[PDB]
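Remarks on the structure that follows.
In this analysis, Cβ positions are derived from the backbone assuming ideal geometry, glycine residues included, and neighbour counts consider all displayed protein chains. Each answer follows from the model by the rule given with it, or from the source it names; none is laboratory data.
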Amino acid sequence: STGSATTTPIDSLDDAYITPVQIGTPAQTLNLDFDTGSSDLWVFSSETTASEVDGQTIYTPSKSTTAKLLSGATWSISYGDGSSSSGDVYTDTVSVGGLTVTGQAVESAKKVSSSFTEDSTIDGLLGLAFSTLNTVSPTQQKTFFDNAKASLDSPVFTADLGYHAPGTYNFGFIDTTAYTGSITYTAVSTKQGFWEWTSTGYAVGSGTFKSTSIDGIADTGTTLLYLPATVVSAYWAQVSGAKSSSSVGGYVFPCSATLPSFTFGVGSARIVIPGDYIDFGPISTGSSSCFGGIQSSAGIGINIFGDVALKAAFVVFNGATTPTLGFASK
């Protein structure tokens with residue numbers, strides 16, 4: 001089998017992407033944030049505290065003929081941004097882009113933190129990291145990908161995120177029309193439960209490429225590119241008036257600037273992030289200070305190749321016995 005779904009930015013900044021997901025019988029379509037940095041499929045629901053729902057579409061298990069309470073199971077998750085959610089669990093039929101899994105754990109939120117409530121566009125998350133990170137207790141549950149894998153034509157999914165445009169998540173096949181050149185594959189460590197890999201280095205603008213190992217994760221659920229402070233300082237030093245602002249929470253730059261590109265290595269291959277991908281616009285409405293899309297990973301404890309980096313590539317998440325990542329230009 002295969003599946004193919006369009007993923008759409010939630011706003012004009014590409015802060016996140018939503019992908020429609022069918023849950024239950026008859027189908028309930030929710031728009032979920034596909035997150036290769038976590039492993040829980042959780043949804044706003046009929047169980048979510050009413051004051052914590054503000055415009056989201058909810059899953060109502062009582063209206064699904066295929067829903068079954070997973071008796072005794074609970075979940076609770078905290079993300080890198082300090083957001084959180086928790087609840088109980090149902091199993092149900094879940095379809096993405098025509099690919100159906102039966103008996104998928106659908107984690108029903110009873111509570112969500114304020115950032116989820118305030119984002120009316122995101123009806124929940126669909127985790128695509130390794131199932132070792134799934135938070136369901138006392139019986140850990142599998143991701144949608146892990147449950148689909150054995151049925152797929154090839155044990156892969158691909159992320160093709162757009163810059164200020166829709167993109168595609170495919171499951172079970174590699175669309176050879178979706179990228180240019182060849183795909184460069186690189187090793188993955190699953191030790192932390194992430195799609196963790198090592199970039200071979202970077203360049204700033206038209207500058208020379210610096211060969212250096214940068215371990216980090218491929219995380220579709222993180223908006224920005226978080227790299228070591230040395231790399232990030234080297235980038236922003238090429239932008240007149242850029243500075244790290246403790247008050248704002250990262251590097252800011254004059255909105256009048258033209259940003260340089262940023263290149264990262266994948267083996268001997270190179271992925272170029274255009275300068276405009278690194279512009280996240282005014283820090284507050286009407287400000288002439290703009291927020292940078294490349295930020296320090298200092299304090300976070302891991303480097304994160306988030307959407308800023310991944311949307312410059314066609315990315316293969318290869319879930320074979322020995323997982324690998326692939327990157328191609330596009």
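The table that follows gives values for the structure above.
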read-out: Only listed residue being among the hydrophobic types (A, V, I, L, M, F, W, C) and exposed (fewer than 15 other Cβ atoms within 10 Å of the Cβ), chosen from 73, 27, 67; value: 27
read-out: Members of the stretch 27-68 that are over 25 Å from the mean Cα position of the chain (by Cα) and either within 18 Å of residue 111 (Cβ to Cβ) or assigned to a helix (DSSP H, G or I) (or both); value: 46, 47, 49, 50, 51, 60, 61, 62, 63
read-out: Strands (runs of 3 or more DSSP E) enclosed by the stretch 257-330 - at least 1 residues per element that are farther than 30 Å from residue 144 by Cα and in the same structural domain as residue 209 (by CATH); value: 262-266, 269-273, 279-282, 289-292, 294-296
read-out: Every residue from the stretch 206-242 that is in a loop (DSSP other than H, G, I, E, B), surrounded by 14 or more Cβ atoms within 10 Å (Cβ to Cβ) and without any contact (Cβ under 8 Å) to a residue 60 or more places away in the chain; value: 207, 238, 239, 242
read-out: Scan of the stretch 255-274 for residues that are in contact with a strand residue (DSSP E or B) (Cβ under 8 Å, 6 or more places away or on another chain) and either touching a residue at least 60 places away in the same chain (Cβ under 8 Å) or exposed (fewer than 13 other Cβ atoms within 10 Å of the Cβ) (or both), ordered by number; value: 262, 263, 264, 265, 266, 267, 268, 269, 270
read-out: Selection within the stretch 275-303 - touching a helix residue (DSSP H, G or I) at 6+ places or on another chain (Cβ under 6 Å) and surrounded by fewer than 22 Cβ atoms within 10 Å (Cβ to Cβ); value: 296, 298
read-out: Output for the stretch 117-135, where each listed residue is farther than 29 Å from residue 156 by Cα and not hydroxyl-bearing (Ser, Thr, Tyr); value: 118, 119
read-out: Options 178, 203: the member that is in contact (Cβ under 8 Å) with a residue 24 or more places away in the chain and within 30 Å of residue 240 (Cα to Cα); value: 203
